[PDB]
Every structure is written in structure tokens, then in C-alpha cells.
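S.K.: First, the structure itself, so that you have it in front of you.
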Amino acid sequence: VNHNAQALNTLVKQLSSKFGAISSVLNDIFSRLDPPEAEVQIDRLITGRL
Amino acid sequence: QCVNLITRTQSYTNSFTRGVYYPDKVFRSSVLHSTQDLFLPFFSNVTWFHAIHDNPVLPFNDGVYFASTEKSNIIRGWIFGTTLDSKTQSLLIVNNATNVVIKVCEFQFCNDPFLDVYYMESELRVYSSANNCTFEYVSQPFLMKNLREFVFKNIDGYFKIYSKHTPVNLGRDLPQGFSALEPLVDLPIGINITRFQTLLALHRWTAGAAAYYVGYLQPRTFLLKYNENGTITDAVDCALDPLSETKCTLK
Amino acid sequence: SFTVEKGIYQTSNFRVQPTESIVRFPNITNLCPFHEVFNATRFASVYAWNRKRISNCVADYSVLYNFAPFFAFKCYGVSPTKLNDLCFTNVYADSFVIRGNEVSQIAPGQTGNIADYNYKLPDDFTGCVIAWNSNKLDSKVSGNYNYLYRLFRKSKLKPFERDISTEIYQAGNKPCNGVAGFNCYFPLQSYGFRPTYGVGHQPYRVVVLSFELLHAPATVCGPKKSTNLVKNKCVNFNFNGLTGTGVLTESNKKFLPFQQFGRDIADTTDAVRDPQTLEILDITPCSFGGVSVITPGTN
Amino acid sequence: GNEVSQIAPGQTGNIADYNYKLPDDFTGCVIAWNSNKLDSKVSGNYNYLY
Amino acid sequence: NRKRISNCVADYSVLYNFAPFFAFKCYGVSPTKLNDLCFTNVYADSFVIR
Ligand SMILES: *[C@@H]1O[C@H](CO)[C@@H](O)[C@H](O)[C@H]1NC(C)=O
Ligand SMILES: *[C@@H]1O[C@H](CO)[C@@H](O)[C@H](O)[C@H]1NC(C)=O
Ligand SMILES: *[C@@H]1O[C@H](CO)[C@@H](O)[C@H](O)[C@H]1NC(C)=O
Ligand SMILES: *[C@@H]1O[C@H](CO)[C@@H](O)[C@H](O)[C@H]1NC(C)=O
Ligand SMILES: *[C@@H]1O[C@H](CO)[C@@H](O)[C@H](O)[C@H]1NC(C)=O
Ligand SMILES: *[C@@H]1O[C@H](CO)[C@@H](O)[C@H](O)[C@H]1NC(C)=O
Ligand SMILES: *[C@@H]1O[C@H](CO)[C@@H](O)[C@H](O)[C@H]1NC(C)=O
Ligand SMILES: *[C@@H]1O[C@H](CO)[C@@H](O)[C@H](O)[C@H]1NC(C)=O
């Protein structure tokens, strides 16, 4: 039981990382940056979550 | 003008887990958060001063923890600076019955600054010149058995102040427990602070006394804890002992 | 495939679409005084640059283009075209005059004369700099001496800190006790702009804007009309510049007066406080779930 | 002159919203050069609308 | 031309006092960090173009 509980908790907790970007919230990046830099910041988050 | 009528004595005391403040203005509940910042190390030694109606200037090493329990309203305000001379800039946090005043000018401080009041508070006993400055500030009074705690630090040209009130039964030294401090103001001063002092008020002089504690902050890592209502009720110092290090590692 | 075998299969899941949109901004009516900043008769020196605090006003950032002959901003952490739609706590405006070749040092990480002895920027600067040439006015004739700058100093500065002392600097192990030469120099040396210098040597004008993010209640941001509050319905919202989609509900969380946001384990916003009516609300996504299809073989 | 930066994908404002909109997936070259002697006229050149 | 420079102390900060150039365009290093590195030899070229 504990293995599954801990694995799911770790997966949920991992969503708060930046992976080298400026924020961990996609909406803030979208609102504060133009697409040329928004893609560069967002691909890092996408790759990390993958 | 400048007179010398104050002598001070020093005693030593232990802290017992005091000096925890809220690291950010965000509500959290039922979580264990880890923060790395400047805090007061647990179980540290703090000098206990007695001012009796000469006194030198204390250093300012990466922040200062200031606590006192005098209910006679004799302590009011502090001086911050690097040389406390008319050749540099220095802060003059001063408090009175209705408002606080915060100024940073090229003050020419006296050796033993204080305030004298008669029958209408005066100010001439502190400095002589107040030119070359732009930054003034007023707000509500900071100061209202009762223990009052303050934390100051200077980072990125910003001066931050925290405070808290705690009704506590009389004791020989600081109490045991947890009471988190909440922020007051984050001023954009942007000056050099190396040494600091404290201000006293006398009646005309008539006898008086004051007692206050001083402690210095250090870069540490703490593991806070929030209850179900959003209040900090416990903490762990990561660099105190191996058991605390294990607790920090295991979260 | 064009043929499906017997079994149960999982297809795309269903989501509930939002109905309308919600915008909620504070009660601000007056306008920010950028004209008295940009259109100023006198400009301070680099060692005694001036900081002006701006608060409690509506900021129209497209107006600045009609104020001075500059080309474009160079913005770090934000983009020039989205200065609107964002609400900040405070806005500052540091202004001075420097030389053309030295404009490139107004940026994080730069070192040299400035960024070590005159004006230092932090490593996490959020904001940007407006620079343009000012040969026509600051270089009237036979140079100028109103603009000073520190030449050398015993140690580097720190972000946004200021030094104003005018002392005598020693170069030899003897005390100067006044200016005497060969050890003693007056650190405030002045350049003079003759109206004949090269392009890189002509004077320039600099205005730096620094933003801090939302931790205190918002005071400065651009124009945006605000609608009413709609609750118990999936809807996309906008609270002081943060977007999302969910359901707004009455809350009972005990926010302290200095707090205005809530966070979850994943550090995602959970609760929020309405800027106009200081009440507490909850945010929950509207319903979704998987869908499966049960079929025998197409044969 | 200070409006050249608006001729690019993702730009917003006056020109890029009311006069000339470029696609976000634009491909090609954009070239702009100053033209003052043959464009500016004393008492103001008025036959240029936006 | 091509001049070989060796066995000397290079001060790259004084270059700004010899010609009115705005800044550098550097590929493997940065202009601000040229004061720390130590090189084997340095080659300087010069010509005039349009
Ligand atoms: C604090 O200083 C006193 C000096 O009187 C010393 O006895 C005590 O052990 C010190 N506390 C420490 C080092 O934690
Ligand atoms: C306290 O300070 C405020 C602010 O300077 C001032 O207006 C007020 O008169 C002072 N009160 C007394 C009793 O001096
Ligand atoms: C204020 O500063 C200026 C130069 O910064 C100095 O000349 C002047 O004497 C100062 N005012 C004083 C010392 O009252
Ligand atoms: C938290 O608030 C609730 C509100 O009713 C109260 O019942 C409870 O005692 C509080 N808990 C603490 C630890 O103060
Ligand atoms: C500044 O204000 C004056 C008077 O309002 C105006 O004539 C001028 O065009 C403005 N701009 C500049 C750059 O002087
Ligand atoms: C502040 O003053 C101290 C003492 O004179 C000096 O050592 C320090 O370098 C100063 N701060 C800065 C940023 O130079
Ligand atoms: C905000 O303004 C509206 C009208 O624009 C008014 O009805 C409302 O009472 C105001 N709220 C506050 C808190 O001032
Ligand atoms: C070249 O050297 C001469 C003599 O010192 C000097 O007058 C001149 O300004 C120098 N040229 C440049 C571009 O520095």
C-alpha cells in the first residue's frame, strides 16, 4: 500500500519544479512573455514533466 | 546639547528557539515547508544589557534580533549607519505617542543620543545637522508582562522589519515556546549599515532604567510547519545537530 | 483501424466547457505622472541618480512612445507589448545621464566603471531601460561639467545602493590629510561633451523601470473594465493579472490581513481574495472524467 | 521610425492591430531603412495616413 | 594586416578610449570577462570595408 501512496505523492509534488525556467505556472509565462521566448521557456517544463 | 549620563552592564543568556518570522505573504495549511534564509540560530547566546541613569556602538552583522519587556515606555527608536558621522548617511527610526518617523540623512550624531521631554518632546540632543536627504516616512506607532520582538535585515537595498506581541508571565529570561513574527514594512533605503544603537527617553535628569536583548542572524535552513488554520506552530533548525539534520533530510 | 474486435476500449475523456468570462480589478481612477519624469528640465548625475516611487494610479504604457525620441525598450523578464494586463505592487524610475559607449553596462552581470562604482543592478532584475541620445541639449558648447561620476573606489557597490561621499582617496601608505598629489585624487571626475565627439562618445539619457511582482495588494496597472462576480459555474477568470478556469465558491479560510493568496501542495493557486470586496473565494476545476466504449466486433 | 519593431509575429499595438497584421507562423525577411530626405517635407508631410 | 601580440599585459578596458565603437560582438567569450583569462598568443587584424 505504502509504495503506491508514496509514488503518487511524489508525482503530485513534482509539479512545482521550474526545470530551469522562470516560473512553474504556464499562464504567467504566457501573460508576461512573447511567443519567441515563451516557447523557449515552455519546452523545458514540457520536457521535465514528460 | 551632547551629554554623557548613561552606563551599561552586560550579562549572558540563552535563546531557546526564538526569532521565527513568516518567510512570505502566502497562505498555507497542513503542509511542511522548507525555507532557506537568514534566521536566529537555535540555542544561541544573546547579550542582556542594562542601561542605568560612555555606552559604545554595537555592530550590525547580517541583521539583528531585538527584544525587550519594559512597560514604562522609555525605549523608542534606533540608529542605523556605518560611521554615525556627518560624512555618510544613516537611518533615524524614531517613535512617539502618535506616529513613527523614518529618515535617512547626513546626521551628525552625538556620543550619547537620547530624547529629553519637559512641560513636549525635544530632539536637539541627538544630532546637529540634517541636510542632504530626500527620504522621509511617517506611519502608525510601532510600540503600543508584555514582550516585544523585532527583526531587521538589509538585502538588495531593502530594509525589512518584523514584529510580534506576546503576553507572558514574569520570568528571569526568555520564555519557551513558538510565536511567529509578521512583517511590517520593506523600505527601499539602499544605504550602508554596519553599526547601530538605541534611543532612550528621560524626564527633566530623573532616574530611569531599561533592559533589552540583542542577537545576530545567520544564513540557515529551517523546516517550518503550518497547522490547519494557517499558523506556524513548530520549526526545525537543520544545522543544529545530527538528529535535526536527519529530520530535515526526511522532511 | 477500420475493424474493431470485441472488448472494451478507452477513448478521449469529457470536459465541461466554460460559459462566460470574469475580470476583477481594483478601484483606481487617477493617472500615473510619467510626464513629470520623462519631460524634466534637469536630470541627475550618475552617482546621485534619483528614484521616484509611483503608486495608486492607472498606467498607460503606450503613452511613453509620445514622450521622447527613443527606439525601443530592452526588457528582461517581461515583454514591451504586454506591459498592460499586469498589475504590480510598485513602480520605480531611476534616471540619470551617461556616455554612449557605457550604455551597454546597464544590465545584469556587467562590470567596469559603472556597475562597480556608480550604479549596480541585481542578478534578477525585472523591468527594463529606455535610452536615447541627448546631444542637442546636454552638449551645448565647449563641454559640460554639471555631470559627474566616480572614477575609482575601494570596493564594488551592491544592487541599487548609492554612494554620495566626496572624500580624498589615497594611493600611497601615507595619509593624505587633504589633496597633495601622486597619492591623493579627487574621485569625482567630470567629462565634458563638446558637440563634436564621436557617436559612441556623445551623451545619452537613461530611464530605468523596476517592477516587483504581486505580494502586496496591487496599486499600479493599466486600464481594464471589470465585470460582476459569478459563482458555482465553470468560467475563466482574471484576478489582478492571473488567469485560469474553474468554479468560484464561498470560502471560510482565515486569511491574515497581509495575505492575499493560497497555495496547494503543487504550489497552485487555491484561494483568492476579491480586490474590490475583500472576501475569500475558492477555485476548483469543473468536472471531467474518462469515457469507455463497450462493443462487440464490427463483424 | 520607432514603430518598425511592431512589424513582426506576435506584436500588438496600433499598427499591428489596425493597419498590418502578420501571421504567427510567418516565414520571410523584413527589411526597413530610414528615408528622410525624400519623405520629410517642411511644414509637415501630410499625405501619410494610418 | 596581421600583428602578433605576446609577452605583455593586456588591458582591454582602455580600448574604449581609442575609437568610438558602441560595443563588442563576441562569440566564445564575453567582453566583460576578457580581463581575467590568460591566452597563449593574440592575433589582431585590420581592414576597411563598406
Ligand atoms: C555564549 O557565550 C558565553 C560566554 O560567556 C559562553 O559561555 C556560551 O557557551 C556561549 N554559547 C554558545 C557558544 O552557544
Ligand atoms: C509625534 O510625531 C508626529 C509625527 O512627527 C507629530 O505630528 C506629533 O506632533 C508628535 N507628537 C508629540 C507629542 O510630539
Ligand atoms: C549636500 O551635498 C553637496 C554635494 O553632494 C555638498 O556640497 C553640500 O555641502 C551638502 N550639504 C550640507 C553638507 O549641508
Ligand atoms: C482553527 O479554527 C477553528 C474555527 O472554528 C477552531 O475551532 C480551532 O480551534 C482553530 N484551531 C487552532 C489550533 O486554533
Ligand atoms: C514637455 O512639455 C512642454 C510643455 O508642456 C512641451 O512643449 C514639450 O513638447 C514637452 N516635451 C519635451 C521633450 O520638451
Ligand atoms: C560599507 O562600509 C563598510 C565599512 O566602511 C565597507 O567595508 C563596505 O565595503 C561598505 N559597503 C560597500 C557595499 O562597499
Ligand atoms: C469600487 O467602485 C464601485 C463603483 O465603481 C463602488 O460601487 C464600490 O463600492 C467600490 N468599492 C470600494 C471598496 O471602494
Ligand atoms: C593617435 O595618437 C595621437 C598622438 O597621441 C593622438 O593625438 C590621437 O588622438 C590618437 N588617435 C586616436 C584615434 O586615439
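By order of appearance in the C-alpha cells: chains A, B, ..., then residues from 1 within every chain, and ligands from 1 in the order shown.
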Give as a PyMOL selection string the residues surrounding ligand 6 up to a distance of 6 Å, considering only C-alpha atoms and all ligand atoms.

M.R.: (chain B and resi 82+192) or (chain C and resi 155-158)

S.K.: Residues within 12 Å of ligand 5 should be enumerated using only C-alpha atoms and all ligand atoms and returned as an MDAnalysis selection string.

M.R.: chainID C and resid 34:42 64:70 134 136:137

S.K.: Which of these, C:21, C:277, C:284, C:45, has the shortest distance to ligand 7 once you count only C-alpha atoms and all ligand atoms?

M.R.: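 Closest to ligand 7, using only C-alpha atoms and all ligand atoms: C:277.
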
S.K.: Can you tell me, as a ChimeraX atom specification, what residues are no more than 10 Å from residue B:166 when counting only C-alpha atoms, ignoring any on the same chain fewer than 6 positions away?

M.R.: /B:69,145-149,179

S.K.: Please save N, CA, C and O atoms of the selected residues as a tab-separated table (two decimals), in the first residue's frame.

M.R.:
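Output file part-v1.tsv is given in full below:
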chain	number	residue	atom	x	y	z
B	69	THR	N	11.13	43.96	27.39
B	69	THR	CA	9.90	43.77	28.14
B	69	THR	C	9.54	44.98	29.01
B	69	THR	O	8.68	44.86	29.88
B	145	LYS	N	5.52	42.10	31.54
B	145	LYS	CA	4.46	41.17	31.17
B	145	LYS	C	4.34	41.05	29.66
B	145	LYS	O	4.05	39.97	29.13
B	146	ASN	N	4.55	42.16	28.96
B	146	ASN	CA	4.47	42.19	27.51
B	146	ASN	C	5.87	42.17	26.91
B	146	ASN	O	6.71	43.01	27.26
B	147	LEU	N	6.11	41.21	26.03
B	147	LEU	CA	7.40	41.06	25.36
B	147	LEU	C	7.24	41.49	23.91
B	147	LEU	O	6.34	41.01	23.21
B	148	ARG	N	8.12	42.38	23.46
B	148	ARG	CA	8.09	42.90	22.10
B	148	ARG	C	9.38	42.51	21.39
B	148	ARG	O	10.47	42.76	21.90
B	149	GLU	N	9.24	41.89	20.22
B	149	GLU	CA	10.37	41.38	19.46
B	149	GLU	C	10.44	42.04	18.09
B	149	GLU	O	9.40	42.29	17.47
B	179	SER	N	6.34	31.50	18.64
B	179	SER	CA	5.47	32.63	18.30
B	179	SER	C	6.07	33.31	17.08
B	179	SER	O	7.09	33.99	17.19

S.K.: Pick out the residues no farther than 9 Å from ligand 7, counting only C-alpha atoms and all ligand atoms, and list them as a short mmCIF file (atom, residue, chain, number, x, y, z; two decimals) with C-alpha atoms, in the first residue's frame.

M.R.:
data_model
loop_
_atom_site.label_atom_id
_atom_site.label_comp_id
_atom_site.auth_asym_id
_atom_site.auth_seq_id
_atom_site.Cartn_x
_atom_site.Cartn_y
_atom_site.Cartn_z
CA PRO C 26 -9.44 47.43 -8.07
CA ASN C 27 -10.91 50.94 -7.82
CA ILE C 28 -8.26 53.18 -9.39
CA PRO C 275 -9.67 43.16 -4.90
CA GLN C 276 -12.83 45.28 -4.70
CA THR C 277 -14.77 43.43 -1.97
CA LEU C 278 -12.22 41.85 0.35
#

S.K.: Do you know which residues are at most 12 Å from residue B:206 counting only C-alpha atoms, after dropping those on the same chain fewer than 5 positions away, and could you put them as an MDAnalysis selection string?

M.R.: chainID B and resid 5 52:53 116:118 201

S.K.: Which residue, B:240, B:174, B:232, B:168, has the smallest gap to ligand 4 when you use only C-alpha atoms and all ligand atoms?

M.R.: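 Counting only C-alpha atoms and all ligand atoms, the residue closest to ligand 4 is B:232.
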
S.K.: Can you pull out every residue with an atom within 7 Å of ligand 3? Use only C-alpha atoms and all ligand atoms and format it as a ChimeraX atom specification.

M.R.: /B:131-132 /C:164

S.K.: Could you write out that same residue set with C-alpha atoms as a compact mmCIF listing (two decimals), in the first residue's frame?

M.R.:
# COMPACT_ATOMS: atom_id res chain seq x y z
CA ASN B 131 20.90 68.22 5.33
CA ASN B 132 21.44 66.32 2.07
CA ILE C 164 27.50 60.16 -2.27

S.K.: Could you list, as a ChimeraX atom specification, all the residues within 10 Å of ligand 4, counting only C-alpha atoms and all ligand atoms?

M.R.: /B:226-231,233 /C:252-254

S.K.: Using only C-alpha atoms and all ligand atoms, what are the residues with an atom within 8 Å of ligand 2, set out as number ranges by chain?

M.R.: B: 95-101, 120-122, 138

S.K.: What residues of the protein or nucleic acid chains come within 8 Å of ligand 1 when you use only C-alpha atoms and all ligand atoms? Reply as a ChimeraX atom specification.

M.R.: /B:12-14,43-46

S.K.: Give me, as an MDAnalysis selection string, all polymer residues having an atom no more than 10 Å from residue B:124, counting only C-alpha atoms and skipping those fewer than 4 positions away in the same chain.

M.R.: chainID B and resid 1:2 110 113:116 128:129
